[PDB]
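Quick setup: the structure tokens below cover two forms of a single protein chain, split into structure 1 and structure 2.
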Structure 1
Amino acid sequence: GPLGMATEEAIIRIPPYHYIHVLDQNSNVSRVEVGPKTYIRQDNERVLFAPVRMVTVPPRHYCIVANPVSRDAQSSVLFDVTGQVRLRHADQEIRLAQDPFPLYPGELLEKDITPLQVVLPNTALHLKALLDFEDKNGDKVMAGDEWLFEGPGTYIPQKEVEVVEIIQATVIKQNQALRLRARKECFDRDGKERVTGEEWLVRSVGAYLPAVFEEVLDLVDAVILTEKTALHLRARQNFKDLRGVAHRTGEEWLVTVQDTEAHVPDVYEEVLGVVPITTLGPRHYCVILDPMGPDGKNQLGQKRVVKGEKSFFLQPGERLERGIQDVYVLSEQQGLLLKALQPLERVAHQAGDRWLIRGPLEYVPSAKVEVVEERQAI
């Protein structure tokens, strides 16, 4: 517990770095008496308390004093016409490392000795304006405003500003990108305009310290492409990709390893899958159903014959009619009865004409012809 010291003494010895308050019962002027001194009380006087330690604020620490004393240009305490030390009632004052000081009548220690907040590199304090004030540049700050104190540094606490959170940076590895969403309207890290709720990717490798209105969402891994795989994407809206090619909402395309070995799907690219390479050997062929033309549009109803030792990826909307078909290997005794489905080795044929072909021949049918029969022992 420790009992309360006596105040009604003829003598009070005030040691170094201690103080008492004495009330003058005439005039009612309450004042501080500071050590070291042997204070002798007078008839009119009344000691408000026995000696208490002065507040000592050490280096790199602070405290907050409520109802702090008003001071003149030269930092001397100001008094009323009555002689009472005049205070700035109801506001606060941050006190940094300093000569041990007493508390004058009325003023009180609103926050005891606290270390100053050290902000490390790649970290930042998220600071909020509690009310209106002019900062050290002379810029008018408004209540509710938000900004960052980026380290390294030692943040001096401000009565007008609260620390909402310490912000740590997010690390982005080689084949990664960080997805962000704008809390409010703001400018990008690259300087690009961003509306509220809009999302974009940060591709910069390393530690990324986000801006005050950048909401950090998720890291996105790149899809690692190979010789035998392709990434099948779809545009969520109109956008120009990282390579600089225009994509319109709903359009689909393939990213190969020729474009990039690692592709991070951007915010407006929807991944539909990874396409395996169609590998056709020397005696293999296939028929692409609804092949994609030069315009980048599926030719609904058309067919394309692909043959020989060739490899390719099926484009969006393409199909194989009958998979990797074996090429017809016709020996001498073998033969094929063909038919034209439309006009046309050999001479030109008409609509539904039919003719025979013998071996030795390595044969793949045209898109316009069909194999009607496979005769043998001719």
Structure 2
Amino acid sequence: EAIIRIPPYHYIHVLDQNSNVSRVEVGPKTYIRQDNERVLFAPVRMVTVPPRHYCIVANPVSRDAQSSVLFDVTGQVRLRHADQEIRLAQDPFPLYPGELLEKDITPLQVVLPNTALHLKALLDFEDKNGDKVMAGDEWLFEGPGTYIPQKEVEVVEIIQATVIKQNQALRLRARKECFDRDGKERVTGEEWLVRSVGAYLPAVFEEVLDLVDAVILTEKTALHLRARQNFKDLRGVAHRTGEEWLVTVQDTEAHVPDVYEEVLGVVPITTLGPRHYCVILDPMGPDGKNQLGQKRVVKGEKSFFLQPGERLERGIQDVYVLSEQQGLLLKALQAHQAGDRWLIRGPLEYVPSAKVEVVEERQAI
């Protein structure tokens, strides 16, 4: 056809065959073609990007400082060749000879409150801040708000915050060498706990593991832990691997077992009545260490927790209770010297000493 009617928001490409230059013609116009001109297609509709959408043009036209299209020494459009442009809301536009619509009209990502876009640089580039970004670099676009797509950047996934409730902590693992929120160094594969209550939005290198629940402690229970590695606990107390200790309510009401601790179990309190005693085997010393092959008599109106490594010789035992007609022949191993024996009699209660052996049980009357 010699006469091409182009509607208001359409365009054509016209190839000049004497100069080889193809250019755009835009409506509204009744276009009449010159002799050495071909019309590449019927008038095609211009690209209109609605507010809150975008598209991507491949081989986008280049423009000067004043944002106006540039043309060759021949008059052919100047493109930025294997490049891309993100095009936002604007008046409808034609595509120029060579320009391609890489991605058609697409809504902008609106990022919600407790979520983030996991971003990754596809190449080395310079930032809005004047900052240099490396190809494999990963970071977050933190919600809320609108994310403007970038040709240099891939959205890997949407990340959702993990809600941490009271008496819970979140266990994280480092995917690579990094620094956590607080700026503490974390090495690859290292694990730790976040204890802040609320939604926790993990950093890109923070792999989200299990939420951990507190063990609630009462006056009647202690938590038996073993150190998995050397650490200093919430109370500023150093432990070394394989060492074991008890956590009680005097320490805290709620204990979240840290990554460094292994739960061995819950120790119920031992209570001795007024006429009861027990013998602790391998009793803990003042230096925190089990005194092996030793024993310690505990008696009579006491409540205690059995410490790690400790055990009771024969459960809870009855004190010797003697009536009027009864007595006890006792030998000293120590006032009396070591070896001599005396009678103790009348009504009484005797608790075994171990610096004295009961030789005889006198019902003699």
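Reference numbering: structure 1, starting with residue 1. In this text, the rigid core denotes the largest set of C-alpha atoms whose superposition between the two forms falls within 1.5 Å.
Asks: One rigid part or two for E162 and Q325, between the two structures? Each C-alpha should go to the superposition that fits it better.
Replies: When each C-alpha is assigned to the better-fitting superposition, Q325 and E162 land in the same part.
Asks: Angle of the smaller rigid part's turn relative to the larger between the two structures, in °?
Replies: After superposing the larger part, the smaller part appears rotated by 13 degrees.
Asks: Core overlaid, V372 C-alpha shift between the two structures, how many Å?
Replies: After core superposition, the C-alpha of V372 moves 4.7 Å between the two structures.
Asks: What does the CA of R234 shift by between the two structures after fitting on the core? Give it in Å to one decimal.
Replies: So the C-alpha of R234 has moved 0.7 Å between the two structures.
Asks: Give the rigid core superposed Cα shift of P152 between the two structures, in Å, rounded to one decimal.
Replies: Here the C-alpha difference is 1.2 Å.
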